[PDB]
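Shown next, in structure tokens, is the structure this report addresses.
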Amino acid sequence: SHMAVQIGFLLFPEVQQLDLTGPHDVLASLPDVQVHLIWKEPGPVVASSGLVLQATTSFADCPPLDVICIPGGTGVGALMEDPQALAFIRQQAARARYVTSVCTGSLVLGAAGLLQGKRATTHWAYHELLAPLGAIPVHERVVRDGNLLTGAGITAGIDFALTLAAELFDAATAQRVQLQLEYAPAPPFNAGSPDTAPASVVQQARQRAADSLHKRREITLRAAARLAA
Amino acid sequence: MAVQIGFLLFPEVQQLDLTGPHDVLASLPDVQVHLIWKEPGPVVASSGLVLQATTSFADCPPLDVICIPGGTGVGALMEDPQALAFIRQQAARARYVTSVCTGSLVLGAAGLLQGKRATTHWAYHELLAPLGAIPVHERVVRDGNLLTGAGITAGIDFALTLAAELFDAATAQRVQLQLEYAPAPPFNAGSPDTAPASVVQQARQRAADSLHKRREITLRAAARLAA
């Protein structure tokens with residue numbers, strides 16, 4: 001309808017698609033919502049896995065949003081130094097009801113200056129990069145600070161989206177969607193956190209992520225210097 | 001030698017049934033993931049999200065794993081002889097024949113649940129028995145090389161279960177940690193067993209028209225298997 005809640009996801013090259021598609025299917029289940037997938041131009045955008053998604057609107061044509069949501073992925077390092085994307089995020093965040101992210105999407109909110117003095121979370125492996133962007137880093141899976149809501153790594157998007165649904169509507173509506181989703185998780189292993197995974201598994205992951213972390217540290221301190229000037 | 005994993009991608013799919021498992025399985029070493037429909041190109045999910053089929057039925061390589069997601073669109077597939085024939089063709093040699101949520105009703109319409117333990121979405125569970133299944137109220141059910149997941153988000157638990165079978169526990173644990181899959185749902189309403197009675201009533205009231213239309217399709221599909 002013309003009175004729909006306007007929800008926008010930034011869709012960028014090398015996005016982690018589940019950061020976007022998990023929340024999308026939760027929020028698209030709510031009454032009279034319009035969901036936008038936003039990039040520089042409408043058209044195909046390839047996720048890090050090779051899954052092809054389709055942007056529905058340009059930055060220029062995007063209507064004022066009730067909710068803006070920034071997903072994470074390999075592609076976040078480019079976005080943290082993209083003046084056009086950061087300008088769009090700051091413009092929309094001026095008047096949004098909720099300014100939101102999942103996973104390393106919060107590093108993009110950080111680069112835009114929107115985490116200064118604010119409680120935030122991100123993916124467990126990249127949590128150290130919050131403090132240089134002015135955030136109060138919180139080791140919780142969904143973190144609220146006023147109208148800012150951030151989710152932790154990838155699958156936290158589902159927990160994040162049900163939390164947001166309760167704020168947009170009410171607990172009864174969020175619970176109905178949870179039941180329609182049959183979201184009563186029963187993971188076959190207990191390795192979802194660095195605190196519970198076998199030590200060997202946490203070590204192999206920190207070994208894998210080390211190169212990305214050192215590259216994102218340098219981008220993060222360049223982004224922090226631009227907020228300082 | 002790469003493990004070939006194929007998802008059926010059909011109009012009015014419930015996209016999270018596909019995209020959850022896709023991001024888990026595409027994280028594994030030595031895999032190639034296909035999104036299969038009658039022709040490559042755009043397929044629109046029930047939410048209006050546009051996905052892209054990568055291959056036709058004809059160009060699809062022999063699959064190690066076939067996975068059928070669910071959604072509003074399964075009713076049409078349950079009476080689509082081309083889709084059911086394609087599924088039977090791949091099921092013949094596939095190492096694993098699989099589904100998430102109401103995707104198991106399509107496996108049922110294809111004749112692949114006869115005498116097998118299976119699950120589906122809680123609201124449509126009564127439709128498994130007429131398609132020949134032994135209905136099991138568990139979130140991931142394995143019967144030989146058949147693995148079925150329950151409603152929508154069960155696809156993530158299903159895919160980690162499958163990952164351990166294709167590779168090993170350590171490989172599945174590495175992916176679970178990369179996905180930070182340590183769920184903390186803000187409510188306890190994911191099952192009809194735990195949700196408030198008012199919430200169950202409203203979910204059953206929303207599903208009723210879909211369930212009646214699917215009761216009718218199911219009994220036509222069962223009658224074809226019998227004849």
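By convention here, the chains of the structure tokens are called A, B, ... in the order presented, each chain's residues are numbered starting at 1, and ligands are numbered starting at 1 in the order presented.
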Compile the contact shell of residue 189 (chain B) as an MDAnalysis selection string: residues with an atom at most 8 Å away, counting only C-alpha atoms, same-chain residues fewer than 6 positions apart removed. (chainID A and resid 175:176 178:179 183:184) or (chainID B and resid 195:196 199)
Restricting the output to N, CA, C and O atoms, write the selected residues as a PDB file, in the first residue's frame.
ATOM      1  N   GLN A 175       6.173 -13.019  17.513  1.00  0.00           N
ATOM      2  CA  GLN A 175       6.011 -14.445  17.901  1.00  0.00           C
ATOM      3  C   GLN A 175       5.291 -15.220  16.787  1.00  0.00           C
ATOM      4  O   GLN A 175       5.681 -16.361  16.512  1.00  0.00           O
ATOM      5  N   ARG A 176       4.255 -14.635  16.179  1.00  0.00           N
ATOM      6  CA  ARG A 176       3.511 -15.299  15.085  1.00  0.00           C
ATOM      7  C   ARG A 176       4.509 -15.597  13.957  1.00  0.00           C
ATOM      8  O   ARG A 176       4.534 -16.748  13.429  1.00  0.00           O
ATOM      9  N   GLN A 178       7.787 -15.871  14.142  1.00  0.00           N
ATOM     10  CA  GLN A 178       8.719 -16.904  14.642  1.00  0.00           C
ATOM     11  C   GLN A 178       8.096 -18.288  14.435  1.00  0.00           C
ATOM     12  O   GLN A 178       8.819 -19.227  14.016  1.00  0.00           O
ATOM     13  N   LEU A 179       6.812 -18.429  14.748  1.00  0.00           N
ATOM     14  CA  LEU A 179       6.128 -19.733  14.639  1.00  0.00           C
ATOM     15  C   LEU A 179       5.950 -20.098  13.165  1.00  0.00           C
ATOM     16  O   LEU A 179       6.160 -21.286  12.821  1.00  0.00           O
ATOM     17  N   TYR A 183      11.036 -21.303  13.855  1.00  0.00           N
ATOM     18  CA  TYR A 183      12.381 -20.939  14.355  1.00  0.00           C
ATOM     19  C   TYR A 183      12.533 -21.369  15.808  1.00  0.00           C
ATOM     20  O   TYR A 183      12.492 -20.539  16.701  1.00  0.00           O
ATOM     21  N   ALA A 184      12.756 -22.674  15.980  1.00  0.00           N
ATOM     22  CA  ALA A 184      13.125 -23.371  17.231  1.00  0.00           C
ATOM     23  C   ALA A 184      14.406 -24.128  16.908  1.00  0.00           C
ATOM     24  O   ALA A 184      14.397 -25.320  16.615  1.00  0.00           O
TER      25      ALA A 184
ATOM     26  N   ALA B 195       4.898 -22.114  21.899  1.00  0.00           N
ATOM     27  CA  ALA B 195       4.327 -20.783  21.636  1.00  0.00           C
ATOM     28  C   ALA B 195       3.090 -20.585  22.505  1.00  0.00           C
ATOM     29  O   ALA B 195       2.374 -21.535  22.847  1.00  0.00           O
ATOM     30  N   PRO B 196       2.755 -19.329  22.851  1.00  0.00           N
ATOM     31  CA  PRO B 196       1.491 -19.067  23.527  1.00  0.00           C
ATOM     32  C   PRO B 196       0.312 -19.573  22.694  1.00  0.00           C
ATOM     33  O   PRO B 196       0.330 -19.490  21.467  1.00  0.00           O
ATOM     34  N   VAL B 199      -0.995 -17.293  19.961  1.00  0.00           N
ATOM     35  CA  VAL B 199      -0.088 -17.216  18.784  1.00  0.00           C
ATOM     36  C   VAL B 199      -0.336 -18.434  17.898  1.00  0.00           C
ATOM     37  O   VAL B 199      -0.419 -18.304  16.660  1.00  0.00           O
TER      38      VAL B 199
END
Write out as a PyMOL selection string every residue belonging to chain B that has an atom at most 6 Å from any atom of chain A, counting only C-alpha atoms. chain B and resi 51+151-153+157+173-174+176-177+179-182+185+189-191+199
For the selection just defined, write its residues with N, CA and C atoms to a file, as a compact mmCIF listing (two decimals), in the first residue's frame.
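File produced: again_5.txt:
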# COMPACT_ATOMS: atom_id res chain seq x y z
N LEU B 51 15.48 -14.14 -7.62
CA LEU B 51 16.64 -15.02 -7.68
C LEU B 51 16.88 -15.38 -9.14
N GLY B 151 10.15 -26.91 9.20
CA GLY B 151 9.73 -25.63 8.61
C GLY B 151 10.90 -24.65 8.47
N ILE B 152 10.78 -23.83 7.45
CA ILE B 152 11.67 -22.75 6.92
C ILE B 152 13.07 -22.75 7.56
N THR B 153 13.23 -22.20 8.75
CA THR B 153 14.58 -22.00 9.33
C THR B 153 15.29 -23.30 9.67
N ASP B 157 19.83 -25.93 10.20
CA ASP B 157 20.19 -27.16 10.96
C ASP B 157 20.39 -28.31 9.99
N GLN B 173 31.78 -27.85 11.85
CA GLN B 173 32.03 -26.94 13.00
C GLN B 173 32.70 -25.65 12.51
N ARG B 174 33.69 -25.75 11.60
CA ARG B 174 34.35 -24.56 11.01
C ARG B 174 33.29 -23.66 10.37
N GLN B 176 29.99 -23.62 10.96
CA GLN B 176 29.10 -23.11 12.02
C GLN B 176 29.72 -21.88 12.69
N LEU B 177 31.02 -21.93 12.99
CA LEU B 177 31.73 -20.80 13.65
C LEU B 177 31.80 -19.60 12.71
N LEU B 179 29.71 -18.80 10.45
CA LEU B 179 28.33 -18.28 10.37
C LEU B 179 27.85 -17.68 11.72
N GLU B 180 28.67 -17.82 12.77
CA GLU B 180 28.34 -17.44 14.16
C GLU B 180 26.96 -18.01 14.52
N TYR B 181 26.72 -19.29 14.19
CA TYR B 181 25.39 -19.89 14.37
C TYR B 181 25.30 -20.47 15.79
N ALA B 182 25.05 -19.54 16.72
CA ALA B 182 24.78 -19.75 18.15
C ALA B 182 23.50 -18.99 18.44
N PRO B 185 17.14 -16.76 20.09
CA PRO B 185 15.88 -16.17 19.64
C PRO B 185 15.29 -15.28 20.74
N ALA B 189 8.71 -18.94 20.70
CA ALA B 189 7.46 -19.24 19.96
C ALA B 189 7.77 -19.98 18.65
N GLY B 190 8.87 -20.72 18.57
CA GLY B 190 9.24 -21.35 17.28
C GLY B 190 8.53 -22.66 16.98
N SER B 191 7.83 -23.22 17.97
CA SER B 191 7.17 -24.54 17.92
C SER B 191 5.76 -24.38 18.45
N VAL B 199 -0.99 -17.29 19.96
CA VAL B 199 -0.09 -17.22 18.78
C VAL B 199 -0.34 -18.43 17.90
Of B:3, B:146, B:172, B:208, the one sitting nearest residue 30 (chain B) when using only C-alpha atoms is B:3
Enumerate the residues of region 1-224 of chain B with a DSSP assignment of strand (DSSP E or B), computed from the backbone, and present them as a ChimeraX atom specification. /B:3-8,31-36,41-44,50-53,55,65-68,96-100,117-118,134-135,140-143,146-149
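Relative to CA of residue 93 (chain B), CA of residue 55 (chain B) is found at 18.9 Å.
Near region 67-84 of chain A, within a cut-off of 7 Å and counting only C-alpha atoms, sit the residues residues 6, 7, 8, 9, 10, 12, 13, 14, 15, 16, 19, 20, 48, 96, 97, 98, 99, 100, 101, 102, 103, 104, 105, 108, 111, 216, 219 and 223 of chain A, with same-chain residues fewer than 6 positions away left out.
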Please write the residues from the selection above to a file, keeping N, CA, C and O atoms, as a CSV table (one decimal), in the first residue's frame.
chain,number,residue,atom,x,y,z
A,6,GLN,N,8.6,1.4,5.1
A,6,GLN,CA,9.6,1.4,4.0
A,6,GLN,C,10.9,0.8,4.6
A,6,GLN,O,11.6,1.5,5.4
A,7,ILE,N,11.3,-0.4,4.2
A,7,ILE,CA,12.5,-1.1,4.7
A,7,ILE,C,13.5,-1.2,3.6
A,7,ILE,O,13.2,-1.6,2.5
A,8,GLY,N,14.8,-0.7,3.8
A,8,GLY,CA,15.8,-0.7,2.8
A,8,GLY,C,17.0,-1.5,3.2
A,8,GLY,O,17.5,-1.2,4.3
A,9,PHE,N,17.5,-2.4,2.4
A,9,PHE,CA,18.8,-3.1,2.5
A,9,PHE,C,19.8,-2.5,1.5
A,9,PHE,O,19.4,-2.4,0.3
A,10,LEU,N,21.0,-2.2,1.9
A,10,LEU,CA,22.1,-1.9,0.9
A,10,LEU,C,22.5,-3.3,0.4
A,10,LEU,O,22.8,-4.2,1.1
A,12,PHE,N,25.3,-4.8,-2.2
A,12,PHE,CA,26.6,-4.4,-2.8
A,12,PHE,C,27.4,-5.6,-3.2
A,12,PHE,O,27.2,-6.8,-2.7
A,13,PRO,N,28.3,-5.5,-4.2
A,13,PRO,CA,29.1,-6.6,-4.7
A,13,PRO,C,29.9,-7.2,-3.5
A,13,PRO,O,30.4,-6.6,-2.7
A,14,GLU,N,29.8,-8.6,-3.5
A,14,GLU,CA,30.5,-9.4,-2.5
A,14,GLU,C,29.9,-9.3,-1.2
A,14,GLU,O,30.5,-9.5,-0.1
A,15,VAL,N,28.6,-9.0,-1.1
A,15,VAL,CA,27.8,-9.1,0.1
A,15,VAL,C,27.8,-10.6,0.5
A,15,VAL,O,27.7,-11.5,-0.3
A,16,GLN,N,27.6,-10.8,1.8
A,16,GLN,CA,27.3,-12.1,2.4
A,16,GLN,C,25.8,-12.3,2.3
A,16,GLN,O,25.1,-11.6,3.1
A,19,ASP,N,23.1,-12.5,5.3
A,19,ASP,CA,23.0,-11.3,6.1
A,19,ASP,C,21.8,-10.5,5.7
A,19,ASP,O,21.2,-9.8,6.5
A,20,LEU,N,21.5,-10.6,4.4
A,20,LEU,CA,20.4,-9.8,3.7
A,20,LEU,C,19.1,-10.7,3.6
A,20,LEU,O,18.0,-10.3,4.0
A,48,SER,N,29.0,-12.9,-2.4
A,48,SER,CA,30.4,-13.6,-2.3
A,48,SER,C,30.3,-15.1,-2.7
A,48,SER,O,31.3,-15.6,-3.2
A,96,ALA,N,15.4,8.1,9.7
A,96,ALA,CA,14.9,6.7,9.8
A,96,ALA,C,14.4,6.5,11.3
A,96,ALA,O,15.0,7.1,12.2
A,97,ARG,N,13.4,5.6,11.4
A,97,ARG,CA,12.9,5.1,12.7
A,97,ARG,C,14.0,4.3,13.4
A,97,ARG,O,14.3,4.4,14.6
A,98,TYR,N,14.6,3.4,12.6
A,98,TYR,CA,15.7,2.5,13.0
A,98,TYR,C,16.8,2.4,12.0
A,98,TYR,O,16.6,2.3,10.8
A,99,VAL,N,18.1,2.5,12.5
A,99,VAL,CA,19.3,2.5,11.7
A,99,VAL,C,20.0,1.2,12.1
A,99,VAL,O,20.3,1.0,13.4
A,100,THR,N,20.2,0.3,11.2
A,100,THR,CA,20.4,-1.1,11.6
A,100,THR,C,21.5,-1.8,10.7
A,100,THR,O,21.8,-1.3,9.6
A,101,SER,N,22.1,-2.9,11.2
A,101,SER,CA,23.1,-3.6,10.4
A,101,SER,C,23.1,-5.1,11.0
A,101,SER,O,22.6,-5.3,12.1
A,102,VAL,N,23.8,-5.9,10.2
A,102,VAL,CA,24.1,-7.3,10.5
A,102,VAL,C,25.6,-7.5,10.2
A,102,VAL,O,26.1,-7.0,9.2
A,103,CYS,N,26.2,-8.3,11.1
A,103,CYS,CA,27.6,-8.8,10.9
A,103,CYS,C,28.5,-7.6,10.6
A,103,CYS,O,28.4,-6.6,11.4
A,104,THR,N,29.4,-7.6,9.7
A,104,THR,CA,30.4,-6.5,9.4
A,104,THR,C,29.7,-5.3,8.8
A,104,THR,O,30.4,-4.3,8.6
A,105,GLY,N,28.4,-5.3,8.5
A,105,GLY,CA,27.7,-4.1,8.2
A,105,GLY,C,27.9,-3.0,9.2
A,105,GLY,O,27.8,-1.8,8.9
A,108,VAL,N,30.5,-0.5,8.4
A,108,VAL,CA,30.1,0.5,7.5
A,108,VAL,C,29.3,1.7,8.2
A,108,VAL,O,29.6,2.8,8.0
A,111,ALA,N,32.1,3.6,9.8
A,111,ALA,CA,32.8,4.5,8.8
A,111,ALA,C,32.0,5.7,8.5
A,111,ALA,O,32.5,6.8,8.2
A,216,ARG,N,41.6,-5.0,7.0
A,216,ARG,CA,40.5,-4.2,7.4
A,216,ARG,C,40.9,-3.2,8.6
A,216,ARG,O,40.2,-2.2,8.7
A,219,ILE,N,42.1,-0.1,6.7
A,219,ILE,CA,40.9,0.6,6.1
A,219,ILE,C,40.2,1.3,7.3
A,219,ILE,O,39.8,2.5,7.2
A,223,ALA,N,39.4,5.3,7.7
A,223,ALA,CA,38.0,5.7,7.9
A,223,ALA,C,37.9,6.6,9.2
A,223,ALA,O,37.2,7.6,9.2
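Separating CA of residue 129 (chain B) from CA of residue 106 (chain B) is a distance of 13.4 Å.
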Give the helix (DSSP H, G or I) residues of region 26-158 of chain A, as DSSP finds them on the backbone, and put them as a VMD selection string. chain A and resid 26 to 27 76 to 79 83 to 93 105 to 111 124 to 129 131 to 133 156 to 158
Considering only C-alpha atoms, return as number ranges by chain whatever protein or nucleic-acid residues lie within 10 Å of residue 163 (chain B), sequence-local ones (same chain, fewer than 5 positions apart) excluded. B: 21, 24-25, 27-28, 157-158, 168-173, 175
Kindly save the residues from that selection, with N, CA and C atoms included, as a PDB file, in the first residue's frame.
ATOM      1  N   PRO B  21      20.433 -22.787   3.437  1.00  0.00           N
ATOM      2  CA  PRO B  21      21.293 -23.902   3.058  1.00  0.00           C
ATOM      3  C   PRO B  21      22.376 -23.529   2.036  1.00  0.00           C
ATOM      4  N   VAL B  24      25.384 -21.960   3.662  1.00  0.00           N
ATOM      5  CA  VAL B  24      26.134 -22.976   4.459  1.00  0.00           C
ATOM      6  C   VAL B  24      26.942 -23.829   3.467  1.00  0.00           C
ATOM      7  N   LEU B  25      26.283 -24.421   2.468  1.00  0.00           N
ATOM      8  CA  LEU B  25      26.930 -25.458   1.624  1.00  0.00           C
ATOM      9  C   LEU B  25      27.956 -24.840   0.672  1.00  0.00           C
ATOM     10  N   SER B  27      29.970 -22.636   1.321  1.00  0.00           N
ATOM     11  CA  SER B  27      31.140 -22.364   2.208  1.00  0.00           C
ATOM     12  C   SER B  27      32.116 -23.560   2.245  1.00  0.00           C
ATOM     13  N   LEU B  28      31.720 -24.721   1.722  1.00  0.00           N
ATOM     14  CA  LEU B  28      32.501 -25.983   1.827  1.00  0.00           C
ATOM     15  C   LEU B  28      33.503 -26.049   0.683  1.00  0.00           C
ATOM     16  N   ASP B 157      19.834 -25.928  10.202  1.00  0.00           N
ATOM     17  CA  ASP B 157      20.193 -27.156  10.964  1.00  0.00           C
ATOM     18  C   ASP B 157      20.385 -28.311   9.989  1.00  0.00           C
ATOM     19  N   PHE B 158      19.474 -28.439   9.019  1.00  0.00           N
ATOM     20  CA  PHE B 158      19.563 -29.471   7.972  1.00  0.00           C
ATOM     21  C   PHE B 158      20.917 -29.363   7.255  1.00  0.00           C
ATOM     22  N   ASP B 168      32.972 -34.035   7.238  1.00  0.00           N
ATOM     23  CA  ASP B 168      33.143 -34.559   8.615  1.00  0.00           C
ATOM     24  C   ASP B 168      32.663 -33.500   9.611  1.00  0.00           C
ATOM     25  N   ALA B 169      32.668 -33.841  10.898  1.00  0.00           N
ATOM     26  CA  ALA B 169      32.251 -32.949  12.001  1.00  0.00           C
ATOM     27  C   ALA B 169      33.099 -31.672  12.016  1.00  0.00           C
ATOM     28  N   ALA B 170      34.417 -31.791  11.903  1.00  0.00           N
ATOM     29  CA  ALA B 170      35.312 -30.616  12.048  1.00  0.00           C
ATOM     30  C   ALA B 170      34.989 -29.586  10.964  1.00  0.00           C
ATOM     31  N   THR B 171      34.711 -30.049   9.742  1.00  0.00           N
ATOM     32  CA  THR B 171      34.381 -29.163   8.597  1.00  0.00           C
ATOM     33  C   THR B 171      33.054 -28.456   8.873  1.00  0.00           C
ATOM     34  N   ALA B 172      32.068 -29.181   9.392  1.00  0.00           N
ATOM     35  CA  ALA B 172      30.758 -28.594   9.738  1.00  0.00           C
ATOM     36  C   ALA B 172      30.934 -27.570  10.864  1.00  0.00           C
ATOM     37  N   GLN B 173      31.783 -27.854  11.851  1.00  0.00           N
ATOM     38  CA  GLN B 173      32.032 -26.941  12.996  1.00  0.00           C
ATOM     39  C   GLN B 173      32.700 -25.653  12.509  1.00  0.00           C
ATOM     40  N   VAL B 175      32.372 -24.233   9.608  1.00  0.00           N
ATOM     41  CA  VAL B 175      31.342 -23.420   8.911  1.00  0.00           C
ATOM     42  C   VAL B 175      30.398 -22.836   9.968  1.00  0.00           C
TER      43      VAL B 175
END
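For the choices B:50, B:164, B:140, B:68, the atom-to-atom distance to residue 45 (chain A) is smallest for B:50 when using only C-alpha atoms.
The two atoms in question, CA of residue 40 (chain B) and CA of residue 8 (chain B), are spaced 11.6 Å apart.
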Determine, counting only C-alpha atoms, which protein, DNA and RNA residues have an atom within 10 Å of an atom of residue 217 (chain B); residues of the same chain fewer than 3 positions away are not included. Present the result as a PDB file with N, CA and C atoms, in the first residue's frame.
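Final file, selection_10.pdb:
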ATOM      1  N   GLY B  75       2.455 -26.227  -4.400  1.00  0.00           N
ATOM      2  CA  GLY B  75       1.200 -26.823  -4.870  1.00  0.00           C
ATOM      3  C   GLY B  75       1.234 -27.086  -6.365  1.00  0.00           C
ATOM      4  N   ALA B  76       1.740 -26.131  -7.135  1.00  0.00           N
ATOM      5  CA  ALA B  76       1.865 -26.273  -8.596  1.00  0.00           C
ATOM      6  C   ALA B  76       2.831 -27.414  -8.902  1.00  0.00           C
ATOM      7  N   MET B  78       3.544 -30.066  -7.252  1.00  0.00           N
ATOM      8  CA  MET B  78       3.022 -31.406  -6.892  1.00  0.00           C
ATOM      9  C   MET B  78       2.202 -32.010  -8.034  1.00  0.00           C
ATOM     10  N   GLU B  79       1.773 -31.212  -9.017  1.00  0.00           N
ATOM     11  CA  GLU B  79       1.017 -31.702 -10.209  1.00  0.00           C
ATOM     12  C   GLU B  79       1.703 -31.282 -11.506  1.00  0.00           C
ATOM     13  N   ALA B 109       4.945 -36.224  -3.679  1.00  0.00           N
ATOM     14  CA  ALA B 109       4.174 -36.277  -4.936  1.00  0.00           C
ATOM     15  C   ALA B 109       4.961 -37.044  -6.004  1.00  0.00           C
ATOM     16  N   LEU B 127      -0.084 -33.890   5.996  1.00  0.00           N
ATOM     17  CA  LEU B 127      -0.096 -34.247   4.553  1.00  0.00           C
ATOM     18  C   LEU B 127       0.974 -35.284   4.209  1.00  0.00           C
ATOM     19  N   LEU B 211      -3.760 -24.778   3.721  1.00  0.00           N
ATOM     20  CA  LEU B 211      -3.830 -26.210   4.127  1.00  0.00           C
ATOM     21  C   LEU B 211      -4.987 -26.890   3.389  1.00  0.00           C
ATOM     22  N   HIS B 212      -6.150 -26.258   3.284  1.00  0.00           N
ATOM     23  CA  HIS B 212      -7.306 -26.898   2.601  1.00  0.00           C
ATOM     24  C   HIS B 212      -6.955 -27.113   1.119  1.00  0.00           C
ATOM     25  N   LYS B 213      -6.380 -26.111   0.451  1.00  0.00           N
ATOM     26  CA  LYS B 213      -6.016 -26.228  -0.986  1.00  0.00           C
ATOM     27  C   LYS B 213      -4.969 -27.334  -1.153  1.00  0.00           C
ATOM     28  N   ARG B 214      -4.062 -27.494  -0.186  1.00  0.00           N
ATOM     29  CA  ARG B 214      -2.984 -28.518  -0.265  1.00  0.00           C
ATOM     30  C   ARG B 214      -3.530 -29.901   0.114  1.00  0.00           C
ATOM     31  N   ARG B 220      -5.077 -35.800  -4.795  1.00  0.00           N
ATOM     32  CA  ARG B 220      -4.931 -36.066  -6.257  1.00  0.00           C
ATOM     33  C   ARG B 220      -3.558 -36.678  -6.543  1.00  0.00           C
ATOM     34  N   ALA B 221      -2.500 -36.149  -5.938  1.00  0.00           N
ATOM     35  CA  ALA B 221      -1.129 -36.654  -6.177  1.00  0.00           C
ATOM     36  C   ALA B 221      -1.010 -38.101  -5.666  1.00  0.00           C
ATOM     37  N   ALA B 222      -1.620 -38.405  -4.520  1.00  0.00           N
ATOM     38  CA  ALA B 222      -1.597 -39.762  -3.925  1.00  0.00           C
ATOM     39  C   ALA B 222      -2.359 -40.719  -4.837  1.00  0.00           C
ATOM     40  N   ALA B 223      -3.501 -40.289  -5.369  1.00  0.00           N
ATOM     41  CA  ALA B 223      -4.329 -41.147  -6.247  1.00  0.00           C
ATOM     42  C   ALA B 223      -3.548 -41.486  -7.522  1.00  0.00           C
TER      43      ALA B 223
END
